[PDB]
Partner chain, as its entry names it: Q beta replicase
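Shown here is one chain on its own, the form deposited without the partner chain, set out as structure tokens.
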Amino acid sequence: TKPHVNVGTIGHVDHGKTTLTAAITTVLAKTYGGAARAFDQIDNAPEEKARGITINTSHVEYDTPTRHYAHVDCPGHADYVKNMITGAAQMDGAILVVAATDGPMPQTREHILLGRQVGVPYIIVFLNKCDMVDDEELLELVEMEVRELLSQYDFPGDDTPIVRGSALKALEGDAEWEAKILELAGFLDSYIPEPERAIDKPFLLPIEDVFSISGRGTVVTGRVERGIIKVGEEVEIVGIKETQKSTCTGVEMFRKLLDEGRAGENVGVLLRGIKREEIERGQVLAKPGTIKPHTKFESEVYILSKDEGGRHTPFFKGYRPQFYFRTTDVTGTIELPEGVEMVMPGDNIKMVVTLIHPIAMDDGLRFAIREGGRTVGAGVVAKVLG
């Protein structure tokens, strides 16, 4: 099967993301095979529901000779904010569209900054509307502006592929400009490395339940998030309390006794030496020395709007909600950015959080913000602090 890669268009409004998305599907369909999509179908994005969050998202698919791509395009900036923090698939790379007529605009900066925060790993640039620009001096100056902006947020601007093109003329059928769509698709193939598959990451299992099995000791159940756990291998129980070491003495799937549990499977793991009461809501099983527990972190959060089922009134710096990490709520206190004293429903802000219990975490881990039982926001860990 062809490798699967998740991409999407980002960049400022009216710079040509949707026209480019249509052009890519159209050009690749007539060149390497597939199904073309038209501008109107993609611009008219369905409402996708992620929890209570409403995100207008168009999903499109296209193939290169060697890869299958799932591409995400959204109508408005508000959708890109929501999608980057809580969208169905995390982008493996992004196509930043920049209109040569306008140059980098405020959401060009914001989407790069968000990409950095939510951990978007590769960004390719399509410099659009070049059918309007005859001057090569201008095009060079815009290209340098985009490279500086990428580097400002630690992307490798100097080595970043930038394709000078015209999404519109390519969608209209002009073969000269279509070649630029193939150049861009070439860069998707060559510049975005194939992402790391979960089965190859160090073992991780969020604990959902614990039982004292008769004559066999303590078992913890959960979905293997990544890696492989084998009978005989050592594990760490990470989070809430001081970290404990243990050994796997059995892997059970329903009534079937296994020798290993793999990423994606729902299993029960028998642990030597651990008593049922030594296990707490919110802990994970992990390969030893691969994930650490933290109480403090920086995050990018989106606060739900009233219509989405969230808060009706803003909160202030004393806000003390619950942060739901994998399996449980942990209370935290927050610090706001300087100048911000109030956070309105529907806002998104950088939030420094201090939980009252440690949670095993790494950059890019998603969480929900909750009040009482109900969800009021969504975040991504941008930087762990300790």
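Rigid core (definition): largest C-alpha set, two forms, superposition within 1.5 Å. Numbering follows the first chain given and starts at 1.
Keep in mind the form solved in complex with the partner chain is missing from the figure; the text below concerns it.
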query: Residue 371: touches the partner chain in the entry with it bound, heavy atom cutoff 4.5 angstroms; finding: yes
query: In the entry with it bound, residue 153 touching the partner chain (heavy atom, 4.5 Å); finding: no
query: Touches the partner chain in the entry with it bound: residue 358 (any heavy atom, 4.5 Å); finding: no
query: 4.5 Å heavy atom contact, residue 211 and the partner chain in the entry with it bound; finding: yes
query: Contact residue in the entry with it bound, chosen from 241, 281, 296, 147 - any heavy atom within 4.5 Å of the partner chain; finding: 281
query: Core-aligned C-alpha movement of residue 331 between the shown form and the other one reaching 2 Å; finding: no
query: Large Cα move at residue 178 between the shown form and the other one, threshold 2 Å, rigid core; finding: yes
query: Relative Cα spacing, residue 264 and residue 66, in the entry with it bound - shift of 3 Å or more; finding: closer
